[PDB]
Amino acid sequence: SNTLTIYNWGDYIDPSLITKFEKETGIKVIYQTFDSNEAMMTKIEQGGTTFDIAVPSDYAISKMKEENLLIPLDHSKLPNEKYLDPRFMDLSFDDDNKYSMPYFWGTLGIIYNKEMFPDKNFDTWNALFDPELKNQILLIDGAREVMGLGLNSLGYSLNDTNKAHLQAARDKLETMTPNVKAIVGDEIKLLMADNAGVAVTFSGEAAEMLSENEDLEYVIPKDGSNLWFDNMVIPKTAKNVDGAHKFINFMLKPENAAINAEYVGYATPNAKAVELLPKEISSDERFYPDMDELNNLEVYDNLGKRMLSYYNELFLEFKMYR
């Protein structure tokens with residue numbers, strides 16, 4: 001058809017690139033946001049003819065593969081793939097990029113106000129359980145994120161499928177509850193803006209936050225955290241498959257990738273776009289770390305429908321205690 005329907009995370013594109021795309025292709029873009037991979041998957045699983053593009057994380061791509069929910073990409077319609085950094089390609093969630101193309105990548109970490117907590121060390125997930133942090137923490141509303149930090153706080157993998165370990169992680173996270181002001185998503189950056197003094201959320205949200213408030217700092221705990229990749233896919237709900245390839249190729253153009261990274265604040269996977277960014281952005285090693293610095297991070301795995309649903313049930317219980 002002549003309409004393209006995009007499903008993406010909240011606060012995760014420069015709207016001016018959608019305008020630019022529409023003007024350049026004559027395609028009309030419809031754009032719906034989601035707040036988690038779990039919400040996105042639920043909707044895509046209902047089927048019908050809905051979305052031409054979705055932007056799932058790593059494990060969700062592998063899960064959507066398992067469910068036969070993705071359309072293989074025509075790489076001949078994607079010549080801008082050559083500009084991507086190969087370190088972000090051919091990763092185990094989507095071998096040979098058969099189904100997906102890198103959008104943004106990042107980490108998970110702690111954003112804290114250095115003036116509020118000058119005596120604290122957020123180098124460990126265990127700093128978050130300090131009883132001086134009563135009602136101080138804004139936690140990302142994400143099951144893999146929060147179960148993962150609970151597991152990591154115990155010294156376990158964020159992909160642990162030992163049920164005894166998962167129950168231990170839920171019990172641990174219960175002990176954090178007095179320190180939790182709210183469990184929220186995109187609101188965090190606004191709630192922390194200097195218009196609670198600790199947040200756990202994604203690197204790009206932290207980049208935006210730190211740029212507006214000098215007193216904030218972002219640290220990735222040294223006892224392990226998450227490294228993630230969000231990639232564009234064409235779900236089987238698609239009607240405008242050609243248009244979808246056009247959008248993907250458009251977003252792989254370096255000037256578009258640079259504009260997007262500059263506006264949104266997340267790290268680009270596009271090796272030519274990095275050059276186009278202002279050096280104050282690209283030189284920031286909290287957001288553009290050296291690959292050695294990432295050697296203690298773990299990428300979420302698709303644990304299967306049953307175990308992923310159990311993570312979701314445990315996270316929901318944590319959410320309900322309070």
# chains A, B, ... in the order shown; residues from 1 in each chain; ligands from 1
$ select_by_dssp --residues "segment 202-292 of chain A" --states "helix (DSSP H, G or I)" --output "number ranges by chain"
A: 203-212, 241-252, 254-264, 271-276, 279-282, 291-292
$ residues_around --residues "segment 67-71 of chain A" --least-positions-apart "2" --cutoff "10 Å" --atoms "only C-alpha atoms" --output "PyMOL selection string"
chain A and resi 41+44-45+47+52+54+61-65+73-74+98-100+233-238+241+305
$ write_last_selection --atoms "C-alpha atoms" --output "CSV table (one decimal), in the first residue's frame"
chain,number,residue,atom,x,y,z
A,41,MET,CA,5.3,-9.0,21.6
A,44,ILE,CA,2.4,-8.5,17.5
A,45,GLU,CA,1.2,-12.0,18.6
A,47,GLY,CA,-1.7,-11.0,14.4
A,52,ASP,CA,5.2,-3.1,9.0
A,54,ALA,CA,8.9,-3.0,15.0
A,61,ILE,CA,14.0,-10.9,18.2
A,62,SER,CA,15.0,-14.5,19.1
A,63,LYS,CA,11.7,-15.1,20.7
A,64,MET,CA,9.7,-13.7,17.7
A,65,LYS,CA,11.9,-15.9,15.5
A,73,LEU,CA,15.0,-9.0,5.1
A,74,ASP,CA,15.8,-8.5,1.4
A,98,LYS,CA,18.5,-12.5,8.4
A,99,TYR,CA,15.6,-10.7,10.2
A,100,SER,CA,16.9,-7.5,11.8
A,233,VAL,CA,12.4,-5.9,12.1
A,234,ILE,CA,9.5,-6.6,9.6
A,235,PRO,CA,6.9,-8.5,11.6
A,236,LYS,CA,4.5,-10.9,9.9
A,237,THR,CA,1.7,-8.3,10.6
A,238,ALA,CA,3.2,-6.2,7.8
A,241,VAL,CA,6.9,-4.8,3.1
A,305,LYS,CA,8.0,-18.8,26.4
$ select_by_dssp --residues "segment 5-164 of chain A" --states "strand (DSSP E)" --output "NGL selection string"
:A and (5-9 or 28-34 or 53-54 or 100-113 or 137-140)
$ atom_distance --atom1 "atom CA of residue 291 of chain A" --atom2 "atom CA of residue 232 of chain A"
23.1 Å
$ residues_around --residues "segment 274-290 of chain A" --least-positions-apart "6" --cutoff "12 Å" --atoms "only C-alpha atoms" --output "PyMOL selection string"
chain A and resi 83-85+87+104-111+202-208+210-211+217-221+227+253-268+297
$ residues_around --residues "residue 143 of chain A" --least-positions-apart "3" --cutoff "6 Å" --atoms "only C-alpha atoms" --output "VMD selection string"
chain A and resid 146 to 147 312 315
$ atom_distance --atom1 "atom CA of residue 26 of chain A" --atom2 "atom CA of residue 81 of chain A"
22.5 Å
